[PDB]
Amino acid sequence: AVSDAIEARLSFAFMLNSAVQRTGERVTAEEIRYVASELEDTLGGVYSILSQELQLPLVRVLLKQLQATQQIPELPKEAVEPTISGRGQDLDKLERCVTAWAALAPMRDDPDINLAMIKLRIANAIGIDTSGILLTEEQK
Amino acid sequence: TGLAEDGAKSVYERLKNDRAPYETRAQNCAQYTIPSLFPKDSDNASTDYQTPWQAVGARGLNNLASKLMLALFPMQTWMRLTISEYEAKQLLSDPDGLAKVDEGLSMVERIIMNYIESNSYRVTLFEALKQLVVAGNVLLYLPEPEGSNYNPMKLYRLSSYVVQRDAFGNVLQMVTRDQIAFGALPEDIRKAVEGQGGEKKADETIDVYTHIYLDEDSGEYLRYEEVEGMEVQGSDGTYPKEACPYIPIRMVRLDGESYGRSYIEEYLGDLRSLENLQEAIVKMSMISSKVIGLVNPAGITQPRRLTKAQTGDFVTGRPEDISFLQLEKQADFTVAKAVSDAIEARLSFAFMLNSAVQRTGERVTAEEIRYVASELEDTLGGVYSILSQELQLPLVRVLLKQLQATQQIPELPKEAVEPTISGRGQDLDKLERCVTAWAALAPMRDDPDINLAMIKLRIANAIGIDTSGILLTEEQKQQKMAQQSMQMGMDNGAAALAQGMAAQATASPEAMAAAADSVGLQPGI
Amino acid sequence: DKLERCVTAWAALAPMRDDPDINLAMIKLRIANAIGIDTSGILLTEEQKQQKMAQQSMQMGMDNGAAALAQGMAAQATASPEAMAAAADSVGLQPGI
Amino acid sequence: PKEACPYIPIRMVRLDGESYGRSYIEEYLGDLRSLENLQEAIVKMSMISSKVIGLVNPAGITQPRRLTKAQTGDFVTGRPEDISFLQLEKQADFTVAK
Amino acid sequence: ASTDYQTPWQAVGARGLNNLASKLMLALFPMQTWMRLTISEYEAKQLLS
Amino acid sequence: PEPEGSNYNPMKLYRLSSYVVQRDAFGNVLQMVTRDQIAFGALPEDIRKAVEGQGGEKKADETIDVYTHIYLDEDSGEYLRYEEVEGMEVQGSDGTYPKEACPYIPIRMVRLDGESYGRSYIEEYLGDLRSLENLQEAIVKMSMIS
């Protein structure tokens, strides 16, 4: 029972799930295992040092070595990189503002609501940038 | 000159005798949770860090530093720039220019998030939040960019800095201690060390101090670096009171002491008792682990035959002579276990981990009932609430200044300020809610009685969305009524002459051959 | 909530837009009286409709009107083909098409 | 003015006509005072439990001069009923205070 | 060769290493586009139409 | 390594028994030394001219301790990198690696200042595994008397 208690408190320190080495006795079901996200958050503390130490210098070397062998276009001295765990933010913020604009679909005949402005407000609330976002003055 | 306070190497030494209360707390306080996080710093390689007998402090720290990082600093736009709305109405012609200003404020709040993520500020803040749990009291320095290259920020975890503040909240003076080696020194400092005299090894370290004292007769800070010499002559920086690159962070604030406490010293006594149980349960299993064969010496069984026998030999003796020395404490192992399962139960709510394995458990507690996990979010909401003032606002007010000087940001016109909203948020949900209320008015587009022009204003008044880009104004519709007509004018018009020209372009077939020559077609068809 | 509740009660009156007996002009006032929403921006007043009846007509006036002369001009702008070359010169087009 | 002053004193539960206010958790501070006195005793009962004393029956055979110096699996002289361990009692008392 | 490596009596460290090295590899380095290049957006507006 | 073409180009690692770095109490690296043991037939072409240039014939399979040295430069912020043999250099040596882009990057599990190397993650539970093996050693041995 001590060895089953030490394995229990190493199995959270490592990113394996709670498993065989008890009675177990799950009945713990079914939406309750969203506490497996607690293992992802504990995993999120592990590699967080390592993304600076490995994950950024591996790109900054390859951004230089591919310029010298001409396998990459010479990017003009002003682009830098995050290791986003990957867009991501460009996709979800575009996917969310579509569904908000899709709710404005039964308002295409309403004479009062400024639908030209509400589509800009949602584009302002959600942090999508602008100016490729709407038809400009001439443009129609 | 004398510079009105002297000397900066002795300001560090007078006030090093004030860290020693907090420092010897944190050396005790990291000993119980995770000893690699805050060393005693009379520590080298090797001094191996023995793991504590309990592993709740190691669990409940990473599970609390990450849940602060996930809550303070989400991946999206955790700051936003509020312009003062009434002073924005005065200086501007309504209403299109107002949201055009908020696009410039949505411009800046994305560039900072593209500056924070692209300089690994997420890393050194998570190293800051682990120090803020164990010890509190970290200042992290945000250096000047000097280009669009890679620019991290260095932190100092209370064994490398000294601050002195008032009983009042403001900081008087800060001293930071570097140990930069001689080959790795900056260029202006090497001229000062050689200017002091004597050659140096390439790897010899140098105690490089700074001194960030509050100025005599002016509210700004003065900042000078030093070596064993007096200054370095690249020193003097006029840091204002509200924007200084050295900001000392503080877990739970206590007045009027100079530093702050830590969060996990508020349970460090309880971990101290929970290790003393978990030290005893493990040691009771080690007496258990030893296998002693107690032979009854008033018996027959000599183990001269018990050892040398084979797999299945028939041996002389009685089974009741050979008994084994077993660990007792059946009714005592359960006393020390049920208390240790009760202390871990009341530390697992103090830390933001969920109720878990360390019981029978025995959930049947299902399925909508676990909305009481929001009680952990609310207890988490009390933890960082001090820290949003201490870290989360000065980190923006520095970056709003440093990006103006390097021209990576537009000079925002002296009137925009920022909350750290946990992120709109309020601009999205209040817009999303008034759409669904206006969507219920859709079967009333033909009702002759209800003033739908007013109800859409009332919901825009009840929900606090602002107004005046919200509705079509007085003129605003004769333009709109023309655009449906100019559409049908251009549509029916372009369909008229195209049926009009091409019908009479090809009739009495000599005209058909003449019409093909205008395009340039010869007689093919 | 008091605005959101009176919408759903008025939404139940939607299949009664053709009933010749029920005073729907009054029931919408009674629900606005029962639920404590205030009044007087709540309903179209006396005048208030001859303006509104004109806007459906001025829409169909501008719509049928702009569709009339655009079919009206462009049909007679290009007939007896010398007029077609004269019509293209008014825009500024030479003889390309 | 009387209605707009930048110094406003806040007050948990109001009591007249004393100058200050009380607090909410002093209305249960007596009960916490009794609940710590239990939880102080349950933990201290686990600490007598934590100590592992080997009571050797001195009218027996087992001398622990052989029990300590023995290896992993040695055969040693003695009876198992001489070696008992001083364990914390209070089985039916730990449940009262719990 | 030879020095044969005796397996430890416990097999949690052998379990909890491969189950942690792979879950770092699956989280640090997914199969899709784990880096991206941010251009400085305001300096991109200045140098471009 | 450098590509030198679009052919197959892996990357070699060194698991702390084949390299040495030295860094400051500050975070930056001062000097790195990597130790290879490339055999004589498997050496690169410029190095074989240096080993033969040292003198004496070699076996086809004899190993050679080939060192590099990636020290931070005097009076310039870039790194200097030279390979060596038992001789002084190899005359294909000097590389002006900048501070931000060097092909040798030392990785580090949990960072601790100001020691030269980093710790590991599973040494933070290595004491606890040491106690858990001592139980699991005893349970198995109790089943063998059984």
# chains A, B, ... in the order shown; residues from 1 in each chain; ligands from 1

call {"tool": "select_by_dssp", "arguments": {"residues": "region 377-478 of chain B", "states": "helix (DSSP H, G or I)", "output": "PyMOL selection string"}}
result
chain B and resi 377-383+387-392+394-405+426-439+442-444+452-462+478

call {"tool": "write_last_selection", "arguments": {"atoms": "N, CA and C atoms", "output": "short mmCIF file (atom, residue, chain, number, x, y, z; two decimals), in the first residue's frame"}}
result
data_model
loop_
_atom_site.label_atom_id
_atom_site.label_comp_id
_atom_site.auth_asym_id
_atom_site.auth_seq_id
_atom_site.Cartn_x
_atom_site.Cartn_y
_atom_site.Cartn_z
N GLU B 377 -11.77 28.29 -9.26
CA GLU B 377 -11.46 29.46 -10.07
C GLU B 377 -11.63 30.74 -9.26
N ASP B 378 -12.62 30.77 -8.36
CA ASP B 378 -12.85 31.95 -7.54
C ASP B 378 -11.77 32.09 -6.48
N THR B 379 -11.36 30.97 -5.87
CA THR B 379 -10.21 30.99 -4.97
C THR B 379 -8.94 31.35 -5.73
N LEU B 380 -8.85 30.92 -7.00
CA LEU B 380 -7.76 31.38 -7.85
C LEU B 380 -7.91 32.86 -8.16
N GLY B 381 -9.15 33.35 -8.22
CA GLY B 381 -9.36 34.76 -8.50
C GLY B 381 -8.90 35.67 -7.38
N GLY B 382 -8.79 35.12 -6.16
CA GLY B 382 -8.27 35.91 -5.06
C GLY B 382 -6.75 35.93 -5.02
N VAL B 383 -6.12 34.99 -5.71
CA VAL B 383 -4.67 34.84 -5.62
C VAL B 383 -3.96 35.90 -6.46
N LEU B 387 -1.65 40.69 -7.91
CA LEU B 387 -0.51 40.61 -8.82
C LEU B 387 -0.81 41.33 -10.14
N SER B 388 -2.09 41.55 -10.43
CA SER B 388 -2.45 42.25 -11.66
C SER B 388 -2.10 43.73 -11.58
N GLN B 389 -2.06 44.28 -10.37
CA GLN B 389 -1.55 45.64 -10.20
C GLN B 389 -0.03 45.66 -10.25
N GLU B 390 0.60 44.65 -9.65
CA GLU B 390 2.03 44.75 -9.39
C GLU B 390 2.85 44.37 -10.61
N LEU B 391 2.42 43.34 -11.34
CA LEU B 391 3.12 42.89 -12.54
C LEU B 391 2.44 43.39 -13.81
N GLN B 392 1.13 43.22 -13.89
CA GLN B 392 0.47 43.14 -15.18
C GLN B 392 0.25 44.51 -15.80
N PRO B 394 2.43 47.41 -14.79
CA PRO B 394 3.71 48.05 -15.13
C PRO B 394 4.42 47.41 -16.30
N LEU B 395 4.11 46.17 -16.64
CA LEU B 395 4.73 45.56 -17.81
C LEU B 395 4.18 46.14 -19.10
N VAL B 396 2.97 46.69 -19.07
CA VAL B 396 2.43 47.34 -20.25
C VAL B 396 2.90 48.78 -20.34
N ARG B 397 2.94 49.48 -19.20
CA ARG B 397 3.31 50.90 -19.20
C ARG B 397 4.78 51.11 -19.56
N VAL B 398 5.62 50.09 -19.37
CA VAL B 398 6.98 50.17 -19.87
C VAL B 398 7.01 49.95 -21.37
N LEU B 399 6.31 48.92 -21.84
CA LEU B 399 6.31 48.60 -23.27
C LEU B 399 5.56 49.62 -24.10
N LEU B 400 4.63 50.36 -23.51
CA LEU B 400 4.03 51.46 -24.25
C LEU B 400 5.00 52.62 -24.42
N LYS B 401 6.02 52.71 -23.56
CA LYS B 401 7.01 53.76 -23.74
C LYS B 401 8.17 53.31 -24.62
N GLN B 402 8.68 52.10 -24.40
CA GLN B 402 9.85 51.64 -25.14
C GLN B 402 9.57 51.40 -26.61
N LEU B 403 8.34 51.09 -26.98
CA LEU B 403 8.02 50.93 -28.39
C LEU B 403 7.81 52.26 -29.09
N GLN B 404 7.52 53.33 -28.35
CA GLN B 404 7.46 54.65 -28.96
C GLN B 404 8.85 55.15 -29.34
N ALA B 405 9.85 54.87 -28.50
CA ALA B 405 11.19 55.36 -28.74
C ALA B 405 11.88 54.64 -29.89
N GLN B 426 -16.10 42.14 -23.10
CA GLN B 426 -17.30 42.94 -22.92
C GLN B 426 -17.75 43.56 -24.24
N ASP B 427 -16.82 43.87 -25.13
CA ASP B 427 -17.21 44.40 -26.43
C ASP B 427 -17.81 43.31 -27.30
N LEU B 428 -17.44 42.05 -27.08
CA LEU B 428 -17.96 41.00 -27.94
C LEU B 428 -19.30 40.49 -27.44
N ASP B 429 -19.41 40.21 -26.14
CA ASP B 429 -20.61 39.59 -25.60
C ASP B 429 -21.79 40.54 -25.62
N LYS B 430 -21.55 41.82 -25.35
CA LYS B 430 -22.61 42.81 -25.41
C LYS B 430 -23.04 43.11 -26.84
N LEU B 431 -22.15 42.91 -27.82
CA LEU B 431 -22.58 42.95 -29.21
C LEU B 431 -23.28 41.66 -29.62
N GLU B 432 -22.84 40.52 -29.08
CA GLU B 432 -23.44 39.25 -29.48
C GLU B 432 -24.83 39.07 -28.87
N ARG B 433 -25.08 39.70 -27.73
CA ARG B 433 -26.38 39.55 -27.08
C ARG B 433 -27.44 40.42 -27.73
N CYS B 434 -27.07 41.63 -28.16
CA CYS B 434 -28.05 42.51 -28.78
C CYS B 434 -28.41 42.09 -30.20
N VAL B 435 -27.59 41.24 -30.83
CA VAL B 435 -27.97 40.68 -32.12
C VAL B 435 -29.14 39.72 -31.96
N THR B 436 -29.07 38.83 -30.96
CA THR B 436 -30.12 37.84 -30.78
C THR B 436 -31.43 38.46 -30.33
N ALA B 437 -31.37 39.59 -29.63
CA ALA B 437 -32.60 40.30 -29.29
C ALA B 437 -33.19 40.98 -30.52
N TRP B 438 -32.33 41.51 -31.39
CA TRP B 438 -32.82 42.08 -32.64
C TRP B 438 -33.26 41.00 -33.61
N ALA B 439 -32.74 39.79 -33.46
CA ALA B 439 -33.15 38.68 -34.31
C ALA B 439 -34.55 38.19 -33.96
N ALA B 442 -37.40 39.90 -36.06
CA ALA B 442 -37.52 39.52 -37.47
C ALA B 442 -38.93 39.20 -37.96
N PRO B 443 -39.83 38.54 -37.21
CA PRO B 443 -41.21 38.44 -37.71
C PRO B 443 -42.06 39.69 -37.53
N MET B 444 -41.47 40.81 -37.11
CA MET B 444 -42.21 42.04 -36.92
C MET B 444 -41.89 43.08 -37.98
N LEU B 452 -40.37 49.57 -34.48
CA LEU B 452 -39.13 48.80 -34.55
C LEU B 452 -37.91 49.69 -34.66
N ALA B 453 -38.08 50.94 -35.11
CA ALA B 453 -36.99 51.90 -35.10
C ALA B 453 -36.60 52.31 -33.69
N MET B 454 -37.47 52.08 -32.71
CA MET B 454 -37.21 52.50 -31.34
C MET B 454 -36.81 51.33 -30.45
N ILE B 455 -37.39 50.16 -30.69
CA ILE B 455 -37.09 48.97 -29.89
C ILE B 455 -35.64 48.55 -30.08
N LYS B 456 -35.13 48.68 -31.31
CA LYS B 456 -33.72 48.41 -31.57
C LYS B 456 -32.81 49.42 -30.90
N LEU B 457 -33.32 50.62 -30.60
CA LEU B 457 -32.57 51.58 -29.80
C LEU B 457 -32.68 51.29 -28.31
N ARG B 458 -33.82 50.75 -27.86
CA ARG B 458 -33.99 50.44 -26.44
C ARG B 458 -33.09 49.29 -26.01
N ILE B 459 -32.98 48.26 -26.85
CA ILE B 459 -32.09 47.15 -26.54
C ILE B 459 -30.64 47.60 -26.63
N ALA B 460 -30.34 48.51 -27.56
CA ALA B 460 -29.03 49.14 -27.60
C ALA B 460 -28.80 50.08 -26.43
N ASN B 461 -29.86 50.49 -25.74
CA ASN B 461 -29.76 51.29 -24.54
C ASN B 461 -29.71 50.44 -23.28
N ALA B 462 -30.46 49.33 -23.25
CA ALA B 462 -30.44 48.43 -22.11
C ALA B 462 -29.11 47.71 -21.99
N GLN B 478 -32.11 57.78 -48.09
CA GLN B 478 -32.27 58.21 -49.47
C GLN B 478 -31.05 57.82 -50.30
#

call {"tool": "residues_around", "arguments": {"residues": "residue 75 (chain F)", "least_positions_apart": "4", "cutoff": "10 Å", "atoms": "only C-alpha atoms", "output": "list in words"}}
result
residues 183, 184, 187 and 190 of chain B

call {"tool": "interface_residues", "arguments": {"of": "chain E", "to": "chain B", "cutoff": "7 Å", "atoms": "only C-alpha atoms", "output": "MDAnalysis selection string"}}
result
chainID E and resid 41:43

call {"tool": "write_last_selection", "arguments": {"atoms": "N, CA, C and O atoms", "output": "PDB file, in the first residue's frame"}}
result
ATOM      1  N   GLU E  41       4.006  44.482 -37.691  1.00  0.00           N
ATOM      2  CA  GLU E  41       2.855  44.857 -38.502  1.00  0.00           C
ATOM      3  C   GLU E  41       2.836  46.346 -38.816  1.00  0.00           C
ATOM      4  O   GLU E  41       2.473  46.738 -39.928  1.00  0.00           O
ATOM      5  N   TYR E  42       3.238  47.192 -37.865  1.00  0.00           N
ATOM      6  CA  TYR E  42       3.230  48.628 -38.124  1.00  0.00           C
ATOM      7  C   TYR E  42       4.339  49.027 -39.084  1.00  0.00           C
ATOM      8  O   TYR E  42       4.139  49.890 -39.943  1.00  0.00           O
ATOM      9  N   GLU E  43       5.509  48.399 -38.969  1.00  0.00           N
ATOM     10  CA  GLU E  43       6.556  48.638 -39.951  1.00  0.00           C
ATOM     11  C   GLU E  43       6.257  47.968 -41.283  1.00  0.00           C
ATOM     12  O   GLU E  43       6.872  48.322 -42.292  1.00  0.00           O
TER      13      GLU E  43
END

call {"tool": "residues_around", "arguments": {"residues": "region 13-22 of chain C", "least_positions_apart": "6", "cutoff": "12 Å", "atoms": "only C-alpha atoms", "output": "list in words"}}
result
residues 440, 441, 442, 443, 444, 445, 446, 447, 448, 449 and 450 of chain B; 6, 7, 28 and 31 of chain C

call {"tool": "write_last_selection", "arguments": {"atoms": "C-alpha atoms", "output": "mmCIF file, in the first residue's frame"}}
result
data_model
loop_
_atom_site.group_PDB
_atom_site.id
_atom_site.type_symbol
_atom_site.label_atom_id
_atom_site.label_comp_id
_atom_site.auth_asym_id
_atom_site.auth_seq_id
_atom_site.Cartn_x
_atom_site.Cartn_y
_atom_site.Cartn_z
ATOM 1 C CA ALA B 440 -36.381 38.102 -32.383
ATOM 2 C CA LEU B 441 -37.786 41.233 -34.053
ATOM 3 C CA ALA B 442 -37.516 39.519 -37.469
ATOM 4 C CA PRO B 443 -41.211 38.437 -37.711
ATOM 5 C CA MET B 444 -42.214 42.045 -36.924
ATOM 6 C CA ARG B 445 -40.914 43.603 -40.146
ATOM 7 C CA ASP B 446 -44.490 43.869 -41.454
ATOM 8 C CA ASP B 447 -46.225 44.928 -38.238
ATOM 9 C CA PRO B 448 -47.680 48.429 -38.752
ATOM 10 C CA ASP B 449 -47.857 49.372 -35.072
ATOM 11 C CA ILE B 450 -44.637 48.464 -33.243
ATOM 12 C CA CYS C 6 -42.517 41.485 -24.142
ATOM 13 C CA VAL C 7 -40.935 40.518 -27.468
ATOM 14 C CA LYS C 28 -49.420 45.094 -27.902
ATOM 15 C CA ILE C 31 -48.536 43.629 -22.737
#

call {"tool": "residues_around", "arguments": {"residues": "region 245-260 of chain B", "least_positions_apart": "2", "cutoff": "7 Å", "atoms": "only C-alpha atoms", "output": "list in words"}}
result
residues 132, 136, 137, 138, 139, 140, 141, 142, 143, 164, 165, 166, 167, 168, 243, 262, 263, 386, 387, 390, 391 and 398 of chain B

call {"tool": "residues_around", "arguments": {"residues": "residue 17 (chain A)", "least_positions_apart": "5", "cutoff": "10 Å", "atoms": "only C-alpha atoms", "output": "VMD selection string"}}
result
(chain A and resid 8 11 to 12 36 39) or (chain E and resid 19)

call {"tool": "write_last_selection", "arguments": {"atoms": "C-alpha atoms", "output": "PDB file, in the first residue's frame"}}
result
ATOM      1  CA  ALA A   8       0.442   7.094  -7.403  1.00  0.00           C
ATOM      2  CA  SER A  11       2.274   8.939 -11.981  1.00  0.00           C
ATOM      3  CA  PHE A  12       1.112  12.525 -11.629  1.00  0.00           C
ATOM      4  CA  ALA A  36      -6.805  15.052 -17.492  1.00  0.00           C
ATOM      5  CA  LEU A  39      -1.880  16.752 -16.666  1.00  0.00           C
TER       6      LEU A  39
ATOM      7  CA  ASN E  19       5.504   8.444 -21.556  1.00  0.00           C
TER       8      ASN E  19
END

call {"tool": "decode", "arguments": {"residues": "region 64-90 of chain D", "atoms": "N, CA and C atoms", "output": "short mmCIF file (atom, residue, chain, number, x, y, z; two decimals), in the first residue's frame"}}
result
data_model
loop_
_atom_site.label_atom_id
_atom_site.label_comp_id
_atom_site.auth_asym_id
_atom_site.auth_seq_id
_atom_site.Cartn_x
_atom_site.Cartn_y
_atom_site.Cartn_z
N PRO D 64 17.91 -8.38 20.77
CA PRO D 64 18.09 -7.70 19.49
C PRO D 64 19.52 -7.39 19.15
N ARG D 65 20.48 -7.97 19.86
CA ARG D 65 21.85 -8.00 19.39
C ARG D 65 21.96 -8.84 18.13
N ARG D 66 21.05 -9.79 17.96
CA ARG D 66 20.94 -10.54 16.73
C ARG D 66 19.94 -9.95 15.75
N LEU D 67 18.97 -9.17 16.22
CA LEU D 67 17.96 -8.65 15.30
C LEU D 67 18.51 -7.51 14.46
N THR D 68 19.37 -6.67 15.03
CA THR D 68 19.92 -5.58 14.24
C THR D 68 20.99 -6.08 13.28
N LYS D 69 22.03 -6.73 13.80
CA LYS D 69 23.18 -7.11 12.98
C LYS D 69 22.89 -8.19 11.95
N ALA D 70 21.67 -8.74 11.91
CA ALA D 70 21.33 -9.71 10.89
C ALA D 70 21.19 -9.05 9.53
N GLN D 71 21.39 -9.84 8.48
CA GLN D 71 21.30 -9.39 7.11
C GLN D 71 19.86 -9.41 6.62
N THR D 72 19.74 -9.40 5.29
CA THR D 72 18.46 -9.31 4.59
C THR D 72 17.51 -10.42 5.00
N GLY D 73 18.01 -11.64 5.10
CA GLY D 73 17.20 -12.81 5.34
C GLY D 73 17.74 -13.80 6.33
N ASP D 74 18.39 -13.36 7.40
CA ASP D 74 19.06 -14.29 8.29
C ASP D 74 18.06 -15.04 9.16
N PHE D 75 18.47 -16.24 9.56
CA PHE D 75 17.78 -17.02 10.58
C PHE D 75 18.33 -16.61 11.94
N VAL D 76 17.45 -16.17 12.82
CA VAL D 76 17.81 -15.59 14.11
C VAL D 76 17.09 -16.38 15.19
N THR D 77 17.66 -16.47 16.38
CA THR D 77 17.00 -17.12 17.50
C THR D 77 15.86 -16.24 17.99
N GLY D 78 14.77 -16.85 18.41
CA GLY D 78 13.80 -16.11 19.19
C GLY D 78 12.38 -16.43 18.81
N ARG D 79 11.47 -15.96 19.65
CA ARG D 79 10.03 -16.08 19.50
C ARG D 79 9.44 -14.79 18.97
N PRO D 80 8.43 -14.84 18.11
CA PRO D 80 7.86 -13.60 17.57
C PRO D 80 7.03 -12.83 18.58
N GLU D 81 6.53 -13.49 19.62
CA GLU D 81 5.66 -12.85 20.58
C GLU D 81 6.42 -12.08 21.65
N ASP D 82 7.75 -12.02 21.57
CA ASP D 82 8.49 -11.15 22.47
C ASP D 82 8.55 -9.73 21.92
N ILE D 83 8.75 -9.59 20.62
CA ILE D 83 8.90 -8.29 19.99
C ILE D 83 7.50 -7.76 19.69
N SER D 84 7.04 -6.80 20.48
CA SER D 84 5.84 -6.06 20.11
C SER D 84 6.18 -4.58 20.07
N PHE D 85 5.31 -3.80 19.45
CA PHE D 85 5.61 -2.40 19.21
C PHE D 85 4.63 -1.51 19.95
N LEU D 86 5.16 -0.45 20.55
CA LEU D 86 4.34 0.52 21.27
C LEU D 86 3.52 1.29 20.26
N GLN D 87 2.24 0.97 20.17
CA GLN D 87 1.35 1.63 19.24
C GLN D 87 0.39 2.54 19.98
N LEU D 88 -0.02 3.60 19.29
CA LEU D 88 -0.99 4.54 19.83
C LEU D 88 -2.34 3.84 19.94
N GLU D 89 -2.96 3.97 21.10
CA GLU D 89 -4.28 3.42 21.43
C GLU D 89 -5.32 4.34 20.80
N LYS D 90 -6.47 4.52 21.45
CA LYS D 90 -7.42 5.59 21.16
C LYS D 90 -8.16 5.35 19.85
#
